[PDB]
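work_35.cif, holding mmCIF, N, CA and C atoms:
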```
data_upload
#
loop_
_atom_site.label_atom_id
_atom_site.label_comp_id
_atom_site.auth_asym_id
_atom_site.auth_seq_id
_atom_site.Cartn_x
_atom_site.Cartn_y
_atom_site.Cartn_z
N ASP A 6 17.60 11.84 0.27
CA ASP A 6 16.49 10.94 0.74
C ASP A 6 15.95 11.41 2.09
N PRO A 7 15.37 12.63 2.13
CA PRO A 7 14.93 13.22 3.40
C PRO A 7 13.87 12.41 4.15
N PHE A 8 13.07 11.62 3.42
CA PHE A 8 12.03 10.80 4.05
C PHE A 8 12.48 9.37 4.36
N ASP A 9 13.75 9.05 4.11
CA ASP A 9 14.24 7.68 4.34
C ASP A 9 13.40 6.65 3.55
N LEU A 10 13.11 6.97 2.30
CA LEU A 10 12.36 6.06 1.43
C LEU A 10 13.17 4.80 1.16
N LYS A 11 14.49 4.89 1.32
CA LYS A 11 15.32 3.71 1.14
C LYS A 11 14.87 2.54 2.04
N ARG A 12 14.27 2.84 3.19
CA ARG A 12 13.79 1.78 4.08
C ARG A 12 12.81 0.86 3.34
N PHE A 13 11.99 1.44 2.46
CA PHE A 13 11.04 0.64 1.70
C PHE A 13 11.74 -0.16 0.61
N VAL A 14 12.70 0.47 -0.07
CA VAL A 14 13.44 -0.22 -1.12
C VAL A 14 14.12 -1.47 -0.57
N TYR A 15 14.79 -1.34 0.58
CA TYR A 15 15.53 -2.45 1.14
C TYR A 15 14.64 -3.52 1.76
N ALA A 16 13.50 -3.12 2.33
CA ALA A 16 12.53 -4.09 2.85
C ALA A 16 11.91 -4.90 1.71
N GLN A 17 11.65 -4.22 0.60
CA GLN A 17 11.06 -4.88 -0.56
C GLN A 17 12.02 -5.85 -1.25
N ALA A 18 13.32 -5.55 -1.23
CA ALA A 18 14.26 -6.30 -2.07
C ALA A 18 14.18 -7.82 -1.94
N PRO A 19 14.25 -8.36 -0.70
CA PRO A 19 14.26 -9.84 -0.57
C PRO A 19 12.96 -10.53 -0.94
N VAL A 20 11.87 -9.77 -1.02
CA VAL A 20 10.55 -10.38 -1.19
C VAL A 20 9.75 -9.93 -2.42
N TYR A 21 10.23 -8.92 -3.15
CA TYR A 21 9.36 -8.29 -4.14
C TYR A 21 8.88 -9.24 -5.24
N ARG A 22 9.76 -10.14 -5.70
CA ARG A 22 9.30 -11.08 -6.72
C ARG A 22 8.17 -11.95 -6.17
N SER A 23 8.27 -12.36 -4.91
CA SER A 23 7.20 -13.19 -4.33
C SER A 23 5.91 -12.38 -4.19
N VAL A 24 6.04 -11.10 -3.87
CA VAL A 24 4.89 -10.21 -3.80
C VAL A 24 4.14 -10.19 -5.13
N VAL A 25 4.89 -9.92 -6.20
CA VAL A 25 4.35 -9.89 -7.56
C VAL A 25 3.68 -11.21 -7.92
N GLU A 26 4.34 -12.33 -7.59
CA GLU A 26 3.77 -13.63 -7.92
C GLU A 26 2.48 -13.89 -7.14
N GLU A 27 2.46 -13.52 -5.86
CA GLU A 27 1.28 -13.70 -5.02
C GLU A 27 0.11 -12.86 -5.51
N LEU A 28 0.39 -11.61 -5.88
CA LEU A 28 -0.67 -10.74 -6.38
C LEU A 28 -1.13 -11.15 -7.78
N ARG A 29 -0.19 -11.57 -8.64
CA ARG A 29 -0.55 -12.15 -9.96
C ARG A 29 -1.50 -13.34 -9.81
N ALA A 30 -1.27 -14.15 -8.77
CA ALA A 30 -2.08 -15.35 -8.52
C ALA A 30 -3.36 -15.06 -7.73
N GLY A 31 -3.50 -13.83 -7.23
CA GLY A 31 -4.70 -13.43 -6.50
C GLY A 31 -4.80 -13.80 -5.02
N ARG A 32 -3.67 -14.06 -4.37
CA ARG A 32 -3.70 -14.31 -2.93
C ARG A 32 -2.37 -14.02 -2.25
N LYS A 33 -2.43 -13.11 -1.29
CA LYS A 33 -1.28 -12.78 -0.46
C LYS A 33 -0.95 -13.92 0.50
N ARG A 34 0.34 -14.26 0.55
CA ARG A 34 0.83 -15.32 1.44
C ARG A 34 1.94 -14.85 2.38
N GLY A 35 2.78 -13.92 1.92
CA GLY A 35 3.97 -13.52 2.65
C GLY A 35 3.76 -12.40 3.66
N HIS A 36 4.82 -12.11 4.41
CA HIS A 36 4.80 -11.12 5.48
C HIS A 36 5.39 -9.82 4.99
N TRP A 37 4.58 -9.03 4.30
CA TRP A 37 5.11 -7.84 3.64
C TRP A 37 4.17 -6.65 3.52
N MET A 38 3.00 -6.71 4.14
CA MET A 38 2.02 -5.65 3.90
C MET A 38 2.54 -4.24 4.17
N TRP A 39 3.24 -4.07 5.29
CA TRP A 39 3.60 -2.75 5.79
C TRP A 39 4.42 -1.94 4.81
N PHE A 40 5.23 -2.63 4.01
CA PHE A 40 6.19 -1.94 3.14
C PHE A 40 5.92 -2.14 1.64
N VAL A 41 4.79 -2.79 1.33
CA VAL A 41 4.30 -2.94 -0.06
C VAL A 41 3.08 -2.04 -0.30
N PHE A 42 2.15 -1.99 0.67
CA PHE A 42 1.00 -1.10 0.60
C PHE A 42 1.05 -0.22 1.84
N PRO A 43 1.92 0.80 1.81
CA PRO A 43 2.12 1.55 3.04
C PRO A 43 0.92 2.37 3.47
N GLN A 44 0.79 2.55 4.78
CA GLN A 44 -0.29 3.33 5.36
C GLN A 44 0.29 4.38 6.31
N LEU A 45 -0.54 5.34 6.72
CA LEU A 45 -0.08 6.38 7.61
C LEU A 45 0.41 5.84 8.93
N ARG A 46 1.51 6.40 9.41
CA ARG A 46 2.02 6.10 10.73
C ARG A 46 0.96 6.55 11.73
N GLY A 47 0.78 5.77 12.79
CA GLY A 47 -0.22 6.12 13.79
C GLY A 47 -1.45 5.25 13.67
N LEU A 48 -1.63 4.61 12.52
CA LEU A 48 -2.73 3.66 12.35
C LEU A 48 -2.49 2.30 13.00
N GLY A 49 -1.26 1.81 12.90
CA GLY A 49 -0.87 0.56 13.56
C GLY A 49 0.15 0.91 14.64
N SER A 50 0.26 0.07 15.66
CA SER A 50 1.14 0.41 16.78
C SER A 50 2.35 -0.51 16.95
N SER A 51 2.41 -1.61 16.20
CA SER A 51 3.57 -2.51 16.28
C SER A 51 4.82 -1.79 15.75
N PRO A 52 6.01 -2.12 16.31
CA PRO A 52 7.24 -1.57 15.73
C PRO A 52 7.32 -1.62 14.19
N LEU A 53 6.90 -2.72 13.56
CA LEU A 53 6.87 -2.82 12.09
C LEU A 53 5.93 -1.81 11.45
N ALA A 54 4.70 -1.76 11.95
CA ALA A 54 3.73 -0.80 11.44
C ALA A 54 4.24 0.64 11.61
N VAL A 55 4.88 0.93 12.74
CA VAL A 55 5.39 2.29 12.97
C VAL A 55 6.57 2.61 12.04
N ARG A 56 7.54 1.71 11.99
CA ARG A 56 8.74 1.87 11.15
C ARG A 56 8.37 2.17 9.70
N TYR A 57 7.45 1.38 9.16
CA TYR A 57 7.07 1.46 7.75
C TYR A 57 5.86 2.36 7.51
N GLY A 58 5.40 3.01 8.58
CA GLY A 58 4.33 3.98 8.48
C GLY A 58 4.80 5.21 7.71
N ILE A 59 3.88 5.78 6.93
CA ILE A 59 4.15 7.02 6.18
C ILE A 59 3.89 8.19 7.11
N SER A 60 4.84 9.12 7.19
CA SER A 60 4.78 10.17 8.21
C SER A 60 3.73 11.25 7.92
N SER A 61 3.47 11.49 6.64
CA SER A 61 2.70 12.65 6.21
C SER A 61 2.26 12.50 4.77
N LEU A 62 1.33 13.36 4.33
CA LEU A 62 0.98 13.37 2.91
C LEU A 62 2.21 13.67 2.02
N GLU A 63 3.09 14.55 2.50
CA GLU A 63 4.29 14.92 1.75
C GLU A 63 5.19 13.69 1.54
N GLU A 64 5.30 12.84 2.57
CA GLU A 64 6.07 11.61 2.38
C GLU A 64 5.39 10.67 1.36
N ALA A 65 4.06 10.59 1.41
CA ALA A 65 3.33 9.77 0.42
C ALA A 65 3.59 10.28 -0.99
N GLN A 66 3.64 11.60 -1.13
CA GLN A 66 3.91 12.20 -2.44
C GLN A 66 5.33 11.89 -2.92
N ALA A 67 6.29 11.97 -2.00
CA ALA A 67 7.67 11.59 -2.31
C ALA A 67 7.78 10.10 -2.69
N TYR A 68 6.99 9.27 -2.01
CA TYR A 68 6.97 7.84 -2.28
C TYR A 68 6.53 7.58 -3.72
N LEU A 69 5.46 8.27 -4.13
CA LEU A 69 4.96 8.16 -5.49
C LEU A 69 5.94 8.65 -6.54
N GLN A 70 6.71 9.68 -6.21
CA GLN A 70 7.70 10.24 -7.14
C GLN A 70 8.89 9.32 -7.32
N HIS A 71 9.15 8.48 -6.32
CA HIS A 71 10.32 7.60 -6.33
C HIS A 71 10.21 6.65 -7.51
N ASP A 72 11.25 6.59 -8.35
CA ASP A 72 11.14 5.89 -9.63
C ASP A 72 11.16 4.35 -9.52
N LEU A 73 11.38 3.84 -8.31
CA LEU A 73 11.19 2.42 -8.03
C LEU A 73 9.88 2.19 -7.27
N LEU A 74 9.71 2.91 -6.16
CA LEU A 74 8.57 2.67 -5.26
C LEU A 74 7.21 3.07 -5.85
N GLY A 75 7.16 4.21 -6.54
CA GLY A 75 5.92 4.65 -7.18
C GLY A 75 5.45 3.65 -8.22
N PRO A 76 6.29 3.36 -9.23
CA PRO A 76 5.86 2.35 -10.20
C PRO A 76 5.48 1.00 -9.58
N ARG A 77 6.21 0.58 -8.55
CA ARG A 77 5.88 -0.69 -7.89
C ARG A 77 4.50 -0.63 -7.23
N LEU A 78 4.18 0.49 -6.59
CA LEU A 78 2.87 0.63 -5.95
C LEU A 78 1.74 0.58 -6.97
N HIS A 79 1.95 1.21 -8.13
CA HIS A 79 0.96 1.13 -9.19
C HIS A 79 0.88 -0.29 -9.74
N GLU A 80 2.04 -0.95 -9.87
CA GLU A 80 2.04 -2.35 -10.32
C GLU A 80 1.21 -3.22 -9.38
N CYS A 81 1.44 -3.07 -8.08
CA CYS A 81 0.78 -3.92 -7.10
C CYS A 81 -0.70 -3.62 -7.03
N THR A 82 -1.06 -2.35 -7.10
CA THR A 82 -2.47 -1.95 -7.13
C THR A 82 -3.16 -2.52 -8.37
N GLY A 83 -2.50 -2.40 -9.52
CA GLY A 83 -3.04 -2.91 -10.78
C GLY A 83 -3.27 -4.41 -10.78
N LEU A 84 -2.32 -5.15 -10.19
CA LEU A 84 -2.47 -6.61 -10.06
C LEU A 84 -3.70 -6.98 -9.24
N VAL A 85 -3.94 -6.26 -8.15
CA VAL A 85 -5.12 -6.51 -7.33
C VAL A 85 -6.39 -6.18 -8.13
N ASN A 86 -6.37 -5.06 -8.84
CA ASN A 86 -7.54 -4.66 -9.65
C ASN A 86 -7.91 -5.67 -10.72
N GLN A 87 -6.92 -6.44 -11.17
CA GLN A 87 -7.05 -7.44 -12.24
C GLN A 87 -7.68 -8.76 -11.80
N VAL A 88 -7.63 -9.06 -10.50
CA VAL A 88 -8.18 -10.30 -9.96
C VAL A 88 -9.70 -10.34 -10.17
N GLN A 89 -10.21 -11.48 -10.64
CA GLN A 89 -11.64 -11.64 -10.89
C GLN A 89 -12.27 -12.66 -9.97
N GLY A 90 -13.49 -12.36 -9.54
CA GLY A 90 -14.31 -13.31 -8.80
C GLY A 90 -14.04 -13.44 -7.32
N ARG A 91 -13.08 -12.67 -6.81
CA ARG A 91 -12.71 -12.76 -5.40
C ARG A 91 -12.98 -11.47 -4.66
N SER A 92 -13.52 -11.58 -3.45
CA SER A 92 -13.68 -10.43 -2.58
C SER A 92 -12.30 -10.09 -2.04
N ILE A 93 -12.16 -8.87 -1.53
CA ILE A 93 -10.85 -8.44 -1.10
C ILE A 93 -10.34 -9.28 0.07
N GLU A 94 -11.25 -9.80 0.90
CA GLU A 94 -10.87 -10.62 2.06
C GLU A 94 -10.38 -12.00 1.65
N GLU A 95 -10.69 -12.40 0.42
CA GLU A 95 -10.16 -13.63 -0.14
C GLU A 95 -8.74 -13.46 -0.68
N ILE A 96 -8.39 -12.22 -1.06
CA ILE A 96 -7.06 -11.93 -1.58
C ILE A 96 -6.12 -11.55 -0.42
N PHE A 97 -6.64 -10.69 0.46
CA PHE A 97 -5.91 -10.19 1.63
C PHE A 97 -6.70 -10.56 2.88
N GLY A 98 -6.24 -11.57 3.61
CA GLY A 98 -6.95 -11.96 4.83
C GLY A 98 -6.92 -10.82 5.84
N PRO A 99 -8.01 -10.63 6.63
CA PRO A 99 -7.91 -9.64 7.70
C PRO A 99 -6.67 -9.90 8.55
N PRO A 100 -6.00 -8.83 9.04
CA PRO A 100 -6.38 -7.43 8.96
C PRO A 100 -5.82 -6.71 7.74
N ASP A 101 -5.26 -7.46 6.79
CA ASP A 101 -4.64 -6.83 5.64
C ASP A 101 -5.64 -6.16 4.71
N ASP A 102 -6.90 -6.56 4.76
CA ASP A 102 -7.94 -5.88 3.98
C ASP A 102 -8.07 -4.42 4.43
N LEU A 103 -8.00 -4.19 5.74
CA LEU A 103 -8.08 -2.83 6.26
C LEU A 103 -6.81 -2.06 5.95
N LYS A 104 -5.66 -2.73 6.05
CA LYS A 104 -4.40 -2.10 5.69
C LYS A 104 -4.42 -1.61 4.24
N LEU A 105 -4.97 -2.42 3.34
CA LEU A 105 -5.03 -2.04 1.94
C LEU A 105 -5.95 -0.84 1.76
N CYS A 106 -7.11 -0.87 2.40
CA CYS A 106 -7.99 0.28 2.34
C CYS A 106 -7.28 1.56 2.79
N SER A 107 -6.57 1.48 3.91
CA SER A 107 -5.83 2.63 4.43
C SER A 107 -4.77 3.11 3.45
N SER A 108 -4.06 2.17 2.83
CA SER A 108 -3.03 2.51 1.85
C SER A 108 -3.64 3.21 0.63
N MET A 109 -4.70 2.64 0.07
CA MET A 109 -5.33 3.25 -1.10
C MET A 109 -5.92 4.62 -0.78
N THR A 110 -6.48 4.77 0.41
CA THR A 110 -7.07 6.04 0.85
C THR A 110 -5.98 7.11 0.90
N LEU A 111 -4.85 6.77 1.51
CA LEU A 111 -3.72 7.69 1.60
C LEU A 111 -3.21 8.11 0.22
N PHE A 112 -2.91 7.14 -0.63
CA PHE A 112 -2.29 7.47 -1.91
C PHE A 112 -3.28 8.13 -2.87
N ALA A 113 -4.56 7.81 -2.74
CA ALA A 113 -5.58 8.53 -3.50
C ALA A 113 -5.66 10.01 -3.13
N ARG A 114 -5.35 10.35 -1.88
CA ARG A 114 -5.37 11.74 -1.43
C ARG A 114 -4.05 12.44 -1.74
N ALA A 115 -3.01 11.66 -2.01
CA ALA A 115 -1.68 12.20 -2.25
C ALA A 115 -1.52 12.80 -3.65
N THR A 116 -2.28 12.29 -4.61
CA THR A 116 -2.20 12.75 -5.99
C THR A 116 -3.56 12.69 -6.66
N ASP A 117 -3.81 13.61 -7.60
CA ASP A 117 -5.03 13.53 -8.41
C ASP A 117 -4.92 12.49 -9.52
N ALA A 118 -3.70 12.05 -9.82
CA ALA A 118 -3.45 10.95 -10.76
C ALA A 118 -3.60 9.61 -10.02
N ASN A 119 -4.82 9.37 -9.55
CA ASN A 119 -5.07 8.32 -8.57
C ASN A 119 -6.03 7.26 -9.07
N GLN A 120 -6.19 7.16 -10.38
CA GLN A 120 -7.24 6.34 -10.94
C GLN A 120 -7.17 4.89 -10.47
N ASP A 121 -5.97 4.33 -10.34
CA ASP A 121 -5.87 2.94 -9.92
C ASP A 121 -6.21 2.75 -8.43
N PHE A 122 -5.81 3.69 -7.59
CA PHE A 122 -6.11 3.62 -6.16
C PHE A 122 -7.61 3.73 -5.94
N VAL A 123 -8.23 4.70 -6.61
CA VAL A 123 -9.66 4.92 -6.47
C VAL A 123 -10.44 3.76 -7.09
N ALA A 124 -9.96 3.23 -8.21
CA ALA A 124 -10.58 2.06 -8.83
C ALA A 124 -10.61 0.87 -7.88
N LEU A 125 -9.52 0.68 -7.12
CA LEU A 125 -9.46 -0.44 -6.17
C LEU A 125 -10.52 -0.23 -5.08
N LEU A 126 -10.60 0.98 -4.55
CA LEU A 126 -11.62 1.29 -3.54
C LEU A 126 -13.04 1.10 -4.08
N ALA A 127 -13.25 1.48 -5.34
CA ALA A 127 -14.56 1.35 -5.97
C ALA A 127 -14.93 -0.12 -6.15
N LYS A 128 -13.96 -0.93 -6.58
CA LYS A 128 -14.23 -2.33 -6.90
C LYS A 128 -14.44 -3.18 -5.65
N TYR A 129 -13.62 -2.91 -4.64
CA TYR A 129 -13.50 -3.82 -3.51
C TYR A 129 -14.05 -3.31 -2.18
N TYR A 130 -14.26 -2.00 -2.06
CA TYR A 130 -14.67 -1.39 -0.79
C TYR A 130 -15.91 -0.52 -0.96
N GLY A 131 -16.67 -0.77 -2.02
CA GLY A 131 -17.90 0.00 -2.29
C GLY A 131 -17.68 1.50 -2.45
N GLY A 132 -16.48 1.89 -2.89
CA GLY A 132 -16.13 3.30 -3.05
C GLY A 132 -15.79 4.00 -1.75
N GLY A 133 -15.76 3.23 -0.67
CA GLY A 133 -15.51 3.76 0.66
C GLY A 133 -14.04 4.00 0.89
N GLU A 134 -13.74 4.71 1.98
CA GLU A 134 -12.38 5.11 2.33
C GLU A 134 -12.10 4.78 3.78
N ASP A 135 -10.83 4.73 4.14
CA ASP A 135 -10.45 4.49 5.51
C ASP A 135 -10.71 5.74 6.32
N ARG A 136 -11.67 5.63 7.24
CA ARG A 136 -12.11 6.72 8.08
C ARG A 136 -10.98 7.41 8.84
N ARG A 137 -10.13 6.60 9.46
CA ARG A 137 -9.05 7.11 10.29
C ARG A 137 -8.00 7.83 9.44
N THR A 138 -7.74 7.34 8.23
CA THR A 138 -6.80 8.01 7.33
C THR A 138 -7.31 9.38 6.90
N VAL A 139 -8.57 9.45 6.49
CA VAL A 139 -9.16 10.73 6.07
C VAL A 139 -9.07 11.75 7.21
N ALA A 140 -9.34 11.30 8.43
CA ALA A 140 -9.28 12.18 9.59
C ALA A 140 -7.86 12.70 9.83
N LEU A 141 -6.87 11.80 9.79
CA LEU A 141 -5.47 12.19 10.00
C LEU A 141 -4.94 13.12 8.92
N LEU A 142 -5.53 13.06 7.73
CA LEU A 142 -5.09 13.89 6.60
C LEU A 142 -5.80 15.24 6.48
N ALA A 143 -6.84 15.45 7.28
CA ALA A 143 -7.68 16.65 7.17
C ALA A 143 -6.87 17.91 7.39
N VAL A 144 -6.01 17.87 8.41
CA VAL A 144 -5.22 19.01 8.81
C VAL A 144 -3.74 18.72 8.56
N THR A 145 -3.08 19.62 7.84
CA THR A 145 -1.67 19.51 7.46
C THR A 145 -0.75 19.49 8.67
#
```

As structure tokens, how would this structure be written, given the file I've shared?
Amino acid sequence: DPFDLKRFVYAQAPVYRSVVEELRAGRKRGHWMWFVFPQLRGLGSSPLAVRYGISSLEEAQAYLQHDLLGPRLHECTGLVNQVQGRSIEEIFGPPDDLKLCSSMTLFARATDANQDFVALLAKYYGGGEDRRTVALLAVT
């Protein structure tokens, strides 16, 4: 576990069922964004944001390969894509709307098998991407 992906598994454990239920119902309520829809380290500055920040594109790729975390991320993305009639700010109150954009932008760049991540950006963000994430990913 060279990237310490276990940190995400253990953070998710106490809350994951509630995450699924909240996303199934179309509204986030709990305190879990950082380790459910991870974003690049350096975007947020709080100890939580830093701890659960993704270090690099290579870590994002490892995250996707992980047979618990990858499927869970697709599950959570798919649940959001399934919600009807709500803007993203109705599902994820600010600043979590920006966090989600950053997460989808990162994982869309991590793999070409990104249809769900890109679909979320298309549906909810006008096909736009997180500016700061694209910049941080430009150079390896």

Each residue of segment 56-111 of chain A lying at most 7 Å from segment 46-50 of chain A should get a row with its shortest atom-to-atom pair and the distance in Å to one decimal, counting only C-alpha atoms; could you produce that, ordered by chain and increasing number, as JSON lines?
```
{"residue": "A:58", "atom": "CA", "partner": "A:46", "partner_atom": "CA", "distance": 3.9}
{"residue": "A:59", "atom": "CA", "partner": "A:46", "partner_atom": "CA", "distance": 5.1}
{"residue": "A:60", "atom": "CA", "partner": "A:46", "partner_atom": "CA", "distance": 5.5}
```

Take the residues just selected and output them with N, CA and C atoms as a PDB file, in the frame of the given file.
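File written: part.pdb
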```
ATOM      1  N   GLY A  58       5.400   3.010   8.580  1.00  0.00           N
ATOM      2  CA  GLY A  58       4.330   3.980   8.480  1.00  0.00           C
ATOM      3  C   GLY A  58       4.800   5.210   7.710  1.00  0.00           C
ATOM      4  N   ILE A  59       3.880   5.780   6.930  1.00  0.00           N
ATOM      5  CA  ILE A  59       4.150   7.020   6.180  1.00  0.00           C
ATOM      6  C   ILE A  59       3.890   8.190   7.110  1.00  0.00           C
ATOM      7  N   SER A  60       4.840   9.120   7.190  1.00  0.00           N
ATOM      8  CA  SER A  60       4.780  10.170   8.210  1.00  0.00           C
ATOM      9  C   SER A  60       3.730  11.250   7.920  1.00  0.00           C
TER      10      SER A  60
END
```

* Asked: Where does the PyMOL selection byres ((chain A and resi 116-130) around 8) land in this file, that is, which residues does it pick, as number ranges by chain?
  -> A: 65-66, 79, 82-83, 85-86, 91-94, 106, 108-115, 131-134

Save the residues we just selected, N, CA and C atoms, as a JSON list (two decimals), in the frame of the given file?
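The resulting file, selection.json, is shown below:
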```
[["chain", "number", "residue", "atom", "x", "y", "z"],
["A", 65, "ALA", "N", 4.06, 10.59, 1.41],
["A", 65, "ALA", "CA", 3.33, 9.77, 0.42],
["A", 65, "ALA", "C", 3.59, 10.28, -0.99],
["A", 66, "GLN", "N", 3.64, 11.60, -1.13],
["A", 66, "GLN", "CA", 3.91, 12.20, -2.44],
["A", 66, "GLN", "C", 5.33, 11.89, -2.92],
["A", 79, "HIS", "N", 1.95, 1.21, -8.13],
["A", 79, "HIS", "CA", 0.96, 1.13, -9.19],
["A", 79, "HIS", "C", 0.88, -0.29, -9.74],
["A", 82, "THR", "N", -1.06, -2.35, -7.10],
["A", 82, "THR", "CA", -2.47, -1.95, -7.13],
["A", 82, "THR", "C", -3.16, -2.52, -8.37],
["A", 83, "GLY", "N", -2.50, -2.40, -9.52],
["A", 83, "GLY", "CA", -3.04, -2.91, -10.78],
["A", 83, "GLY", "C", -3.27, -4.41, -10.78],
["A", 85, "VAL", "N", -3.94, -6.26, -8.15],
["A", 85, "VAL", "CA", -5.12, -6.51, -7.33],
["A", 85, "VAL", "C", -6.39, -6.18, -8.13],
["A", 86, "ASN", "N", -6.37, -5.06, -8.84],
["A", 86, "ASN", "CA", -7.54, -4.66, -9.65],
["A", 86, "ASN", "C", -7.91, -5.67, -10.72],
["A", 91, "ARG", "N", -13.08, -12.67, -6.81],
["A", 91, "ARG", "CA", -12.71, -12.76, -5.40],
["A", 91, "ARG", "C", -12.98, -11.47, -4.66],
["A", 92, "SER", "N", -13.52, -11.58, -3.45],
["A", 92, "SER", "CA", -13.68, -10.43, -2.58],
["A", 92, "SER", "C", -12.30, -10.09, -2.04],
["A", 93, "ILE", "N", -12.16, -8.87, -1.53],
["A", 93, "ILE", "CA", -10.85, -8.44, -1.10],
["A", 93, "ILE", "C", -10.34, -9.28, 0.07],
["A", 94, "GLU", "N", -11.25, -9.80, 0.90],
["A", 94, "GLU", "CA", -10.87, -10.62, 2.06],
["A", 94, "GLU", "C", -10.38, -12.00, 1.65],
["A", 106, "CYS", "N", -7.11, -0.87, 2.40],
["A", 106, "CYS", "CA", -7.99, 0.28, 2.34],
["A", 106, "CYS", "C", -7.28, 1.56, 2.79],
["A", 108, "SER", "N", -4.06, 2.17, 2.83],
["A", 108, "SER", "CA", -3.03, 2.51, 1.85],
["A", 108, "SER", "C", -3.64, 3.21, 0.63],
["A", 109, "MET", "N", -4.70, 2.64, 0.07],
["A", 109, "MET", "CA", -5.33, 3.25, -1.10],
["A", 109, "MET", "C", -5.92, 4.62, -0.78],
["A", 110, "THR", "N", -6.48, 4.77, 0.41],
["A", 110, "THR", "CA", -7.07, 6.04, 0.85],
["A", 110, "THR", "C", -5.98, 7.11, 0.90],
["A", 111, "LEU", "N", -4.85, 6.77, 1.51],
["A", 111, "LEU", "CA", -3.72, 7.69, 1.60],
["A", 111, "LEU", "C", -3.21, 8.11, 0.22],
["A", 112, "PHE", "N", -2.91, 7.14, -0.63],
["A", 112, "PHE", "CA", -2.29, 7.47, -1.91],
["A", 112, "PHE", "C", -3.28, 8.13, -2.87],
["A", 113, "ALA", "N", -4.56, 7.81, -2.74],
["A", 113, "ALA", "CA", -5.58, 8.53, -3.50],
["A", 113, "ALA", "C", -5.66, 10.01, -3.13],
["A", 114, "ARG", "N", -5.35, 10.35, -1.88],
["A", 114, "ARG", "CA", -5.37, 11.74, -1.43],
["A", 114, "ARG", "C", -4.05, 12.44, -1.74],
["A", 115, "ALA", "N", -3.01, 11.66, -2.01],
["A", 115, "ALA", "CA", -1.68, 12.20, -2.25],
["A", 115, "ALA", "C", -1.52, 12.80, -3.65],
["A", 131, "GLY", "N", -16.67, -0.77, -2.02],
["A", 131, "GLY", "CA", -17.90, 0.00, -2.29],
["A", 131, "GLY", "C", -17.68, 1.50, -2.45],
["A", 132, "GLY", "N", -16.48, 1.89, -2.89],
["A", 132, "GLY", "CA", -16.13, 3.30, -3.05],
["A", 132, "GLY", "C", -15.79, 4.00, -1.75],
["A", 133, "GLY", "N", -15.76, 3.23, -0.67],
["A", 133, "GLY", "CA", -15.51, 3.76, 0.66],
["A", 133, "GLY", "C", -14.04, 4.00, 0.89],
["A", 134, "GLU", "N", -13.74, 4.71, 1.98],
["A", 134, "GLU", "CA", -12.38, 5.11, 2.33],
["A", 134, "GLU", "C", -12.10, 4.78, 3.78]]
```

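Between atom N of residue 23 of chain A and atom N of residue 72 of chain A there is a distance of 19.5 Å.
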
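For the atom pair formed by atom CA of residue 136 of chain A and atom N of residue 101 of chain A, the distance is 15.8 Å, given to one decimal.
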
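In this structure, atom CA of residue 75 of chain A sits 10.0 Å away from atom C of residue 41 of chain A.
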
As a PDB file with N, CA and C atoms, keeping the file's coordinate frame, please: the residues near segment 141-144 of chain A (cut-off 8 Å, only N, CA and C atoms, same-chain neighbours under 6 positions excluded).
```pdb
ATOM      1  N   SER A  61       3.470  11.490   6.640  1.00  0.00           N
ATOM      2  CA  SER A  61       2.700  12.650   6.210  1.00  0.00           C
ATOM      3  C   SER A  61       2.260  12.500   4.770  1.00  0.00           C
ATOM      4  N   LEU A  62       1.330  13.360   4.330  1.00  0.00           N
ATOM      5  CA  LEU A  62       0.980  13.370   2.910  1.00  0.00           C
ATOM      6  C   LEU A  62       2.210  13.670   2.020  1.00  0.00           C
ATOM      7  N   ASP A 135     -10.830   4.730   4.140  1.00  0.00           N
ATOM      8  CA  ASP A 135     -10.450   4.490   5.510  1.00  0.00           C
ATOM      9  C   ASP A 135     -10.710   5.740   6.320  1.00  0.00           C
TER      10      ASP A 135
END
```

* **Distance query residue 84 of chain A at most 12 Å, only C-alpha atoms, self and fewer than 5 positions along chain excluded, as a PyMOL selection string** => chain A and resi 24-33+77-79+89+96+121-122+124-125

* **Nearest to residue 42 of chain A, chosen from A:7, A:88, A:107, A:22, with all atoms listed in the file counted in the distances** => A:107

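Considering only C-alpha atoms, the residue among A:34, A:73, A:137, A:39 positioned nearest to residue 97 of chain A is A:34.
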
* Enumerate as a PyMOL selection string all residues of segment 76-135 of chain A assigned to helix (DSSP H, G or I) by DSSP on the backbone, naming them with the chain letters and numbers the document uses. => chain A and resi 76-87+93-96+101-115+120-129

Could you please fill out segment 65-70 of chain A with N, CA, C and O atoms and send it back as a PDB file, in the frame of the given file?
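Output contents, as saved in out.pdb:
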```
ATOM      1  N   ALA A  65       4.060  10.590   1.410  1.00  0.00           N
ATOM      2  CA  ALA A  65       3.330   9.770   0.420  1.00  0.00           C
ATOM      3  C   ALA A  65       3.590  10.280  -0.990  1.00  0.00           C
ATOM      4  O   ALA A  65       3.768   9.496  -1.928  1.00  0.00           O
ATOM      5  N   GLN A  66       3.640  11.600  -1.130  1.00  0.00           N
ATOM      6  CA  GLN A  66       3.910  12.200  -2.440  1.00  0.00           C
ATOM      7  C   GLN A  66       5.330  11.890  -2.920  1.00  0.00           C
ATOM      8  O   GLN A  66       5.545  11.543  -4.083  1.00  0.00           O
ATOM      9  N   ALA A  67       6.290  11.970  -2.000  1.00  0.00           N
ATOM     10  CA  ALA A  67       7.670  11.590  -2.310  1.00  0.00           C
ATOM     11  C   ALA A  67       7.780  10.100  -2.690  1.00  0.00           C
ATOM     12  O   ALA A  67       8.542   9.724  -3.578  1.00  0.00           O
ATOM     13  N   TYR A  68       6.990   9.270  -2.010  1.00  0.00           N
ATOM     14  CA  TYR A  68       6.970   7.840  -2.280  1.00  0.00           C
ATOM     15  C   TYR A  68       6.530   7.580  -3.720  1.00  0.00           C
ATOM     16  O   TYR A  68       7.151   6.809  -4.465  1.00  0.00           O
ATOM     17  N   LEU A  69       5.460   8.270  -4.130  1.00  0.00           N
ATOM     18  CA  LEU A  69       4.960   8.160  -5.490  1.00  0.00           C
ATOM     19  C   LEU A  69       5.940   8.650  -6.540  1.00  0.00           C
ATOM     20  O   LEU A  69       5.980   8.115  -7.645  1.00  0.00           O
ATOM     21  N   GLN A  70       6.710   9.680  -6.210  1.00  0.00           N
ATOM     22  CA  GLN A  70       7.700  10.240  -7.140  1.00  0.00           C
ATOM     23  C   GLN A  70       8.890   9.320  -7.320  1.00  0.00           C
ATOM     24  O   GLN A  70       9.593   9.388  -8.337  1.00  0.00           O
TER      25      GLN A  70
END
```
